[PDB]
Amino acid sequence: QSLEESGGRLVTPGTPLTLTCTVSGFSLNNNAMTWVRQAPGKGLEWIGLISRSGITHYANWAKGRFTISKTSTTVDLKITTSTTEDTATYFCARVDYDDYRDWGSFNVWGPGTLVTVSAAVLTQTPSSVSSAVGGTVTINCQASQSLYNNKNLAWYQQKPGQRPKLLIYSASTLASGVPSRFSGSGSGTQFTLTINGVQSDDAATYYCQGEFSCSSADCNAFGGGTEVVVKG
């Protein structure tokens, strides 16, 4: 039910580095884990994941320069060689599937560990929007290719300096403890997140995330995110 991550690491260019993600309250025997990074000021980007049996999958950009390994309680991310482009916060997350169905989403998140070194796309629009309290906010996510199961598009909320939080999965399913003022729709390659009656606490960045077919694309990708401001 909770993930723990190693401390922040200030490293030289060219030096190998291992990030740890410790798991409380479940076994990795029955759960897949994924890594996601976020450079400062920028958006979420998928790195890769490890299946229950231990099969690894990477984004194309990452293949070879990152290795994911695990034991039953801990998953790692080895960065082979560290460049300035590896300056980011690295989050781990539980991958939401089991033996019957695959929700596509990531539903438990670690707090992230900052590293300062010193095809399938989601187009997300708009890049930013300002709303009056009580107003309506629509965010669009547009795939370049149909998603796994046709509908494994999830939305996450991320307030500044906090980890991402899952809101919607399978396009239209509201996550645990999420206010009903959020709702999501779409199918194929067009999905929208709507906020009906926006509140001051809804000020965040919202990312869409799509699961694709691993054997024709990156298994996951995120949109570039939407900054939502709330005028009050």
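Position 1 is the first residue in the sequence shown; the rest follow in order.
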(message) Between residue 128 and residue 129, what class does the number of missing deposited residues fall in: none, 1 to 3, 4 to 9, or 10 or more?
(response) none
(request) Identify the stretch, either 100 to 108 or 150 to 158, whose C-alpha atoms have the larger mean B-factor according to the entry. (result) 100 to 108
(message) Test of understanding: from the entry's C-alpha B-factors, which stretch has the higher mean, 12 to 20 or 204 to 212?
(response) 12 to 20
(request) Just grab whichever of 194, 38, 27, 34 has the top CA B-factor as deposited. (result) 27
(request) Check the PDB entry and point out which of 79, 119, 115, 139 has the largest C-alpha temperature factor. (result) 119
(request) Taking the values exactly as deposited, rank residue 44 by C-alpha B-factor within its chain and report the matching third: lowest, middle or highest. (result) lowest
(request) Could you look up the Cα B-factor of residue 95 in the entry and say which third of the chain it sits in: lowest, middle or highest? (result) highest
(message) Test of reading the entry: by CA B factor among the chain's modelled residues, which third contains residue 55?
(response) highest
(message) Which third, lowest, middle or highest, does the C-alpha temperature factor of residue 88 belong to within its own chain?
(response) lowest
(message) Sorting by Cα B-factor within the chain, modelled residues only, which third would residue 62 end up in: lowest, middle or highest?
(response) middle
